[PDB]
Amino acid sequence: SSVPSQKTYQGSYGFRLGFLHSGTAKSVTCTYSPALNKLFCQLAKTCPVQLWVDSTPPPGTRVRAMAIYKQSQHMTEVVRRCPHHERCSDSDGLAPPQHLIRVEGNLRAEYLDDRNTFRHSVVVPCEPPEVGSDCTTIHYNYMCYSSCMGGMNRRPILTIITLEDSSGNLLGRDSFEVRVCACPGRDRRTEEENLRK
Ligand SMILES: *c1nc(Cl)c(C#N)nc1CC
Ligand SMILES: [Zn+2]
């Protein structure tokens, strides 16, 4: 399958992602490393991602998330849930069982299987920030471990977040690496130390 672009693109509205500061304690279920541009999270736990713009985009603007393999030799392979987790009875009534990435708590989420590339993606309407806030937050879930055999099989993935108009044309793009693992704080601390050394 052809490979979606991963080029960071702020666009006319100054679109970019943001992450909370969660730390590396034993209790953390989701933690973001700015040094690695990498999110570490437990299976099917809430991953809050902030969405920032300098200017308000038009009504009908949408936000899409899609995963690709990071390594060049695997980028053409569609990222999907492994044979075990795709058969889990963990449906929410909206997400197809094969999709790695879900949006939590948005009844207007739409899930696409692309007719030409076969890649999966989930898209929601882009909303203005709430009354007390300066950004919008979307909650994602990753429904397979990075280590799952017959799925990601220990290969790193990127999540690509695209801001789109009502036809799906590109308005902005950002991305981050993801590891889905049982000990996200410990793995973050280790991978950050490897980078320093
Ligand atoms: C999405 N959509 C709108 Cl209208 C706004 C505003 N204001 N912000 C987002 C998140 C990038
Ligand atoms: Zn799995």
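Along the sequence shown, the residues carry numbers beginning at 1.
- The one candidate from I161, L36, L158 that meets the side-chain contact (heavy atoms from CB on, under 4.5 Å) condition with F176 is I161.
- Closest non-hydrogen pair, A95 versus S91, comes out as O-OG, 4.4 Å.
- Separation of atoms SG (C47) and CD1 (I101) is listed at 9.5 Å; rounding is to 0.5 Å.
- To the nearest 0.5 angstrom, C126 atom SG is 13.0 Å from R64 atom CZ.
- To the nearest 0.5 angstrom, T61 atom OG1 is 12.0 Å from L51 atom CG.
- Using a 4.0 Å cut-off between charged side-chain N and carboxylate O, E177 and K38 make a salt bridge.
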Practice item. Decide side-chain hydrogen bond (donor to acceptor under 3.5 Å, both in side chains) for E104 and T46; before the verdict, give the C-alpha distance in whole Å, the side-chain angles of both, and the deciding distance to 0.1 Å. Key: CA-CA 7 Å; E104 190 173 19; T46 311; 2.8 Å; yes
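- Below 30°, between 30° and 60°, or above 60°: for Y32 and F19 the angle between ring planes is below 30°, a parallel geometry.
- When all heavy atoms of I160 and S5 are compared, the pair lying nearest together is CD1-O, 3.5 Å.
- In plain terms, the two heavy atoms of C30 and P48 that are nearest each other are SG-CD, 4.2 Å.
- Of all heavy-atom pairs between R119 and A67, the closest is NH1-O, 4.4 Å.
- With a 6.0 Å cutoff to the six-membered ring centre and a 45° limit on the axis angle, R155 counts as a cation-pi contact of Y69.
- No continuous path of ILVMFWY side-chain contacts below 4.5 Å connects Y111 to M66, so the two sit in separate hydrophobic clusters.
- Proximity of a side-chain donor or acceptor of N37 to a complementary backbone N or O of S175 within less than 3.5 Å is detected.
- Inspection of the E192 and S33 side chains reveals an N or O donor paired with an N or O acceptor under 3.5 Å.
- Taking both residues in full, the closest heavy atoms of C41 and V178 are given as SG-CG1, 4.2 Å, listed atom of the first, atom of the second, then distance.
- A donor and an acceptor atom, one from each side chain of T159 and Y142, are located under 3.5 Å apart.
- A distance-only check finds no donor-acceptor pair linking the side chain of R16 to the backbone of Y9 [under 3.5 Å].
- Taking every heavy atom of both residues into account, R102 and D90 meet most closely at NH1-O, 2.7 Å.
- Residues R188 and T31 have side chains that bring a donor and an acceptor to within less than 3.5 angstrom of each other.
- Checking side-chain atoms of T117 against main-chain N and O of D114 turns up no donor-acceptor pair under 3.5 Å.
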